[PDB]
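Peer 1:
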Ligand SMILES: [Cu+2]
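Residue numbers (our numbering): 1218 to 1344.
Printed below as a string of structure tokens:
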């Protein structure tokens, strides 16, 4: 088991405002990801229909440094509720992205649509 960290930040290294860093975690089945409240006012919650079938969901409170389990392989699309409209979403890819087509079709409100397009390009082609 590997244990990864995703920081919830107001300002990222690459200039993003309201951002999870890294935006895309590449994990294996059984690994964990812990969210870090480096800046306050953020949360982490799984987006509706943004996980592979039968996967455990999560809905972290504001400033809650929640650790999520990643048993089933696939792409997990999650968001910050306060800043999702500003584009604050992230991805956790577990094993092979089998449900990549399905997660492309979910609801991405506001600037998270452009953020999702950047995330999907990063997973598929690297950049
Ligand atoms: Cu936020």
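Note that CB positions come from ideal geometry on N, CA and C, so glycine has one too.
(1) Below 7 Å, is the gap between the Cβ of residue 1299 and the nearest heavy atom of ligand 1?
(2) In the DSSP assignment, the beta strand (DSSP E) including residue 1308 goes from what residue to what residue?
(3) Whose C-alpha, out of 1318, 1343, 1307 and 1287, is nearest the C-alpha of residue 1331?
(4) For residue 1255, which residues from the same chain have a beta carbon less than 7 Å from its beta carbon, with the 5 sequence-adjacent residues on both sides left out?
(5) Beta-carbon within less than 6 Å of residue 1267's beta-carbon, same chain only, minus the 5 sequence neighbours each way: which residues are those?
(6) Would you report the Cα separation of residue 1233 and residue 1241, rounded to the nearest angstrom?
Peer 2: With the given structure in hand:
(1) yes
(2) 1306-1311
(3) 1307
(4) 1224, 1225 and 1226
(5) 1294, 1320 and 1323
(6) 14 Å
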